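Peer 1: Chains from the complex, first installment, not repositioned:
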Amino acid sequence: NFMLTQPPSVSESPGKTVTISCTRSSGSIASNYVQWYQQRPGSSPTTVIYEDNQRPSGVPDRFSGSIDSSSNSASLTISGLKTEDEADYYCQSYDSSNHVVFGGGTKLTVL
């Protein structure tokens, strides 16, 4: 149906801002909601964003989501980088067909 493409890595120093893009290969990004997950080594995925830009309870406002119709992409922005933010990040949407599609994953290193 479609793929979601992510850069395999990003790094940044503590206190800085980092952006991770998720690009949909076919059909419009805005046809279905985008979610973002944080995964630490040995643990399960943790929702940081759902419905393109909503934060679950307990997720700090350092985490934000946005959609760019024109590049057919979603982005996750992390400001005030802390060393605990080091983790894998995945974007995720639906098919229509309805079925889940995961992006390839971005490994974030805090320098």
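Peer 2: Nice, I can see it. Numbers count the residues shown, from 1 in each chain, chains lettered A, B, ... in the order given.
Peer 1: Which parts of chain A are strands?
Peer 2: Under the criterion DSSP state E, chain A carries strands at the ranges A:4-5, A:9-12, A:18-24, A:35-39, A:46-49, A:63-68, A:73-78, A:87-94, A:100-102, A:106-110.
Peer 1: Neighbouring strands of the third one in the sheet, and parallel or not?
Peer 2: Note on strand A:18-24: by DSSP bridges, its sheet partners are strand A:4-5 (antiparallel), strand A:73-78 (antiparallel).
Peer 1: got TSV for those strands, with mean neighbour count too?
Peer 2: For the C-beta atoms, the positions are set from N, CA and C on the backbone; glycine is no exception. Conversion of the strands paired with strand A:18-24 to TSV gives the following (neighbours: other C-beta atoms under 10 Å):
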stretch	mean neighbour count
strand A:4-5	18
strand A:73-78	21
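Peer 1: Kindly reformat the strands of chain A as JSON lines containing distance to residue A:57.
Peer 2: Putting the strands of chain A into JSON lines (distance: least, C-beta to C-beta, whole Å) gives the following:
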{"stretch": "strand A:4-5", "distance to residue A:57": "26"}
{"stretch": "strand A:9-12", "distance to residue A:57": "26"}
{"stretch": "strand A:18-24", "distance to residue A:57": "22"}
{"stretch": "strand A:35-39", "distance to residue A:57": "15"}
{"stretch": "strand A:46-49", "distance to residue A:57": "10"}
{"stretch": "strand A:63-68", "distance to residue A:57": "12"}
{"stretch": "strand A:73-78", "distance to residue A:57": "18"}
{"stretch": "strand A:87-94", "distance to residue A:57": "19"}
{"stretch": "strand A:100-102", "distance to residue A:57": "23"}
{"stretch": "strand A:106-110", "distance to residue A:57": "23"}
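Peer 1: Further, place chain B onto the existing structure:
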Amino acid sequence: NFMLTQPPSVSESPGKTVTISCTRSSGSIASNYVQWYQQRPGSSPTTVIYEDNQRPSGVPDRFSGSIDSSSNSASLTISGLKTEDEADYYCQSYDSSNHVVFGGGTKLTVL
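Peer 2: One more piece, chain B, placed on the ones above:
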């Protein structure tokens, strides 16, 4: 809303059968569909089962899903164990507030 609890680990010899369970903490397991993912180290989650028991194209019939009461659980069964099956396995469903819920994950070791 609810949690999905899984055993942290399972192990078994090549050619054998292993079962991994997923237990819902409140509400019925049958209220929403259950999905299973395989995740190898360094990679993103791959669907092995969706809609309780459906296999995506290219997933071998060694992988099967089922659902039970009396215990409020879903299970993933892997027959004919191969050393490539070594990975983490996650169950996943939806609340009604619709939002995704992930299990804690099971690490499968092939002996």
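Peer 1: So what pairs up with the closest residue to residue A:90 other than its chain neighbours in the strands?
Peer 2: In this structure, residue A:90 finds its nearest non-sequential neighbour in residue A:37, 4.6 Å apart by C-beta to C-beta, 6 or more residues apart in numbering or on different chains. The residues paired with residue A:37 through beta bridges, assigned by DSSP bridges, are residue A:47, residue A:90.
Peer 1: my guess is residue A:37 contacts residue A:47, does it?
Peer 2: Yes - using C-beta atoms under 8 Å, residue A:37 and residue A:47 qualify as a contacting pair, with a distance of 6.1 Å.
Peer 1: In terms of neighbours, single out the busier of the two.
Peer 2: residue A:37 (25 against 18; other C-beta atoms under 10 Å in any protein chain shown).
Peer 1: Buried residues, stretch A:93-106. List them.
Peer 2: With burial defined by 16 or more other C-beta atoms under 10 Å in any protein chain shown, the residues of stretch A:93-106 counted as buried are A:93, A:100, A:101, A:102, A:103, A:105, A:106.
Peer 1: So what's the gap between that stretch and the chain middle?
Peer 2: With C-alpha atoms, centre = their mean, to the nearest Å as the basis, the distance from the averaged C-alpha position of stretch A:93-106 to the chain average is 12 Å.
Peer 1: Which residues does it contact?
Peer 2: Applying C-beta atoms under 8 Å, 6 or more residues apart in numbering or on different chains, the contact partners of stretch A:93-106 are A:1-10, A:20, A:22, A:24, A:27, A:29, A:31-35, A:74, A:88-92, B:35, B:43-45, B:47, B:50.
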